[PDB]
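S.K.: What follows is a single structure, and I will ask about it in a moment.
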Amino acid sequence: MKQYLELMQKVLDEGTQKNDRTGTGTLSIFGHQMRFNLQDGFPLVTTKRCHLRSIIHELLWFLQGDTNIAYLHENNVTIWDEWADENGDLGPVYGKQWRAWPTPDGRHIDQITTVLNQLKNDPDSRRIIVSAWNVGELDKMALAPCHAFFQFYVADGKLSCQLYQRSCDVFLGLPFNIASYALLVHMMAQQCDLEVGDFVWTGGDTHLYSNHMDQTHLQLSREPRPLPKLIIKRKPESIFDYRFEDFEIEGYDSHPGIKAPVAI
């Protein structure tokens, strides 16, 4: 997409050379923001072939709050295998914080329900927020949250959302990340009888790995194509009742896929 390709080019032109947690070096910039008007189409990268299968399953999994990869496993979703232990546990990552943030007085806070409560009764609130950055549980997580915090906003009958991504692998992770949150906005908007607004992506340490340079140049040589249209075949009773089959993508015309090799 135009915004995505412009970001790739920016990292190439302005990024500084350094390293990741000891391993492959990177070109990185700090602080970036881009906006996707969801009314112009579902933001699924077209300059390389992308799939929504893993994205959908992972989001439904987040919304359920269970941080065991069992569900992902039964559906052949392997993106979290790398971090799961023998029992398939990941610790209190995303889902746990979204649905049951532990408080020091013994309670578990359901931030998703809290947000839906706010959108319904106080849509002009300036604190419709969900945070996965639970400082007190970071050490127990298999992975410190990458998409750390997001906020919703309502205006002119449209629902918008801004995500703060503390660290981002522009080539491998970003396409997945953008589509995941765009999907969530569509679901939230459907439950609140609102139209979709903008998805605002804000990043911290935004980088390109040195071994992805040829892949990036190849993708930058491709012209982006008409964004597809997200179709939600059903209208569930709540945000927790969506099913994989409820989502469909129409008019998705993409360029060939590009593999993303990683060092170990």
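Read-outs: derived from the displayed coordinates by stated rules, not from any lab. Neighbour counts run over all protein chains shown; Cβ positions are idealised from the backbone, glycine included.
S.K.: Would you pick out the residues in the range 46-75 that are of a type in the set (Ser, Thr, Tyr) and under 14 Å from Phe247 (Cβ atoms)?
M.R.: In the first step, residues of the range 46-75 are kept if they are of a type in the set (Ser, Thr, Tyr); the result is 46-47, 54, 67, 71.
Scanning the range 46-75 gives a single hit, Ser54.
S.K.: While we're on this one: Identify, please: which residue in the range 183-211 is among the acidic types (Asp, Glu) and touching a strand residue (DSSP E or B) at 6+ places or on another chain (Cβ under 6 Å) and is, among those, farthest from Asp122 (Cα to Cα)? Even if it seems obvious, please write down each step before you answer.
M.R.: As a first pass, look at the range 183-211 and keep what is among the acidic types (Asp, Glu): 193, 195, 198, 205.
Still in the running and touching a strand residue (DSSP E or B) at 6+ places or on another chain (Cβ under 6 Å): 195, 198, 205.
Details: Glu195: 17, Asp198: 19, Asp205: 33 Å.
Filtering the range 183-211 for residues that are among the acidic types (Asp, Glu) and touching a strand residue (DSSP E or B) at 6+ places or on another chain (Cβ under 6 Å), the one farthest from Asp122 (Cα to Cα) comes out as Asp205.
S.K.: Could you tell me which residue of the range 235-253 is farthest from the chain's Cα centre (by Cα), considering only residues that are within 17 Å of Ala189 (Cα to Cα) and hydroxyl-bearing (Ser, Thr, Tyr)? Reasoning before the result, please.
M.R.: If we filter the range 235-253 for residues that are within 17 Å of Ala189 (Cα to Cα), which is where we start, we get 235-243, 246-248.
So of that shortlist, the ones also hydroxyl-bearing (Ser, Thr, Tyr) come out as 238, 242.
Working: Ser238: 21, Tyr242: 17 Å.
Ranking the qualifying residues of the range 235-253, first place goes to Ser238.
S.K.: Please note which helices (runs of 4 or more DSSP H) are completely contained in the range 1-96 and include at least 2 residues that are charged (D, E, K, R), closer than 25 Å to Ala142 by Cα and touching a residue at least 12 places away in the same chain (Cβ under 8 Å). Spell out the reasoning first.
M.R.: Numbers: elements: 2-14, 53-64, 70-74.
It comes to 53-64.
S.K.: I'm trying to understand the selection: among the residues of the range 10-43, which are in contact with a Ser or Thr (Cβ under 8 Å, 6 or more places away or on another chain), buried (at least 18 other Cβ atoms within 10 Å of the Cβ) and among the aliphatic types (A, V, I, L, M)?
M.R.: Hits for the range 10-43 are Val11, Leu27, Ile29.
S.K.: Across the range 44-65, what is the total count of residues that are surrounded by 16 or more Cβ atoms within 10 Å (Cβ to Cβ) and charged (D, E, K, R)? Break it down into steps so the answer makes sense when it comes.
M.R.: Taking the range 44-65 as the starting set, the residues that turn out to be surrounded by 16 or more Cβ atoms within 10 Å (Cβ to Cβ) are 44-48, 50, 52, 54-63, 65.
Retained after the next criterion (residues that are charged (D, E, K, R)): 48, 58.
Of the residues in that region, 2 qualify.
S.K.: Continuing with this model, one more query. Output the residues belonging to the range 120-160 that are surrounded by fewer than 17 Cβ atoms within 10 Å (Cβ to Cβ) and assigned to a strand (DSSP E or B).
M.R.: The answer is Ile129, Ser131, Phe149, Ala155.
S.K.: Which members of the range 233-250 meet the condition of being among the β-branched types (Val, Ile, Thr) and farther than 18 Å from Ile112 by Cβ? Give the derivation first.
M.R.: The initial filter retains those residues of the range 233-250 that are among the β-branched types (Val, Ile, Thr), namely 239, 249.
Listed by number, the list holds a single entry, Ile249.
S.K.: Name, by its number, the condition in (1) under 22 Å from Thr113 (Cβ atoms); (2) without any contact (Cβ under 8 Å) to a residue 40 or more places away in the chain; (3) surrounded by fewer than 18 Cβ atoms within 10 Å (Cβ to Cβ) that does not hold for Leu163.
M.R.: Among (1) under 22 Å from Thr113 (Cβ atoms); (2) without any contact (Cβ under 8 Å) to a residue 40 or more places away in the chain; (3) surrounded by fewer than 18 Cβ atoms within 10 Å (Cβ to Cβ), the lone unmet condition for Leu163 is (3).
S.K.: For the subset of the range 214-264 comprising residues that are in a loop (DSSP other than H, G, I, E, B) and among the polar types (S, T, N, Q), which member is surrounded by the most Cβ atoms within 10 Å (Cβ to Cβ)?
M.R.: Taking the range 214-264 and keeping what is in a loop (DSSP other than H, G, I, E, B), we get 221-228, 233-243, 251-264.
Subset that is among the polar types (S, T, N, Q): 221, 238, 254.
Details: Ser221: 9, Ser238: 11, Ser254: 17.
If we take residues in the range 214-264 being in a loop (DSSP other than H, G, I, E, B) and among the polar types (S, T, N, Q), then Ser254 is surrounded by the most Cβ atoms within 10 Å (Cβ to Cβ).
S.K.: Of the residues that sit in the range 170-195 and are in contact (Cβ under 8 Å) with a residue 40 or more places away in the chain and aromatic (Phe, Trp, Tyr), which one is surrounded by the most Cβ atoms within 10 Å (Cβ to Cβ)? Explain how you work it out, then say what you get.
M.R.: The initial filter retains those residues of the range 170-195 that are in contact (Cβ under 8 Å) with a residue 40 or more places away in the chain, namely 170-172, 174-176, 178-180, 182-188, 190-192, 194-195.
Right, trim to aromatic (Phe, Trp, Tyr) and you get 171, 176.
Working: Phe171: 21, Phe176: 18.
Step by step, filter the range 170-195, then rank; the result is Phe171.
S.K.: Do the conditions hold for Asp198, that is, is it of a type outside the set (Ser, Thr, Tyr) and free of Cβ contacts under 8 Å to residues at least 12 places away in the same chain?
M.R.: Details: of a type outside the set (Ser, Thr, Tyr): yes; free of Cβ contacts under 8 Å to residues at least 12 places away in the same chain: no.
Considered against the rule, which asks whether it is of a type outside the set (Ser, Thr, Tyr) and free of Cβ contacts under 8 Å to residues at least 12 places away in the same chain, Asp198 comes out as no.
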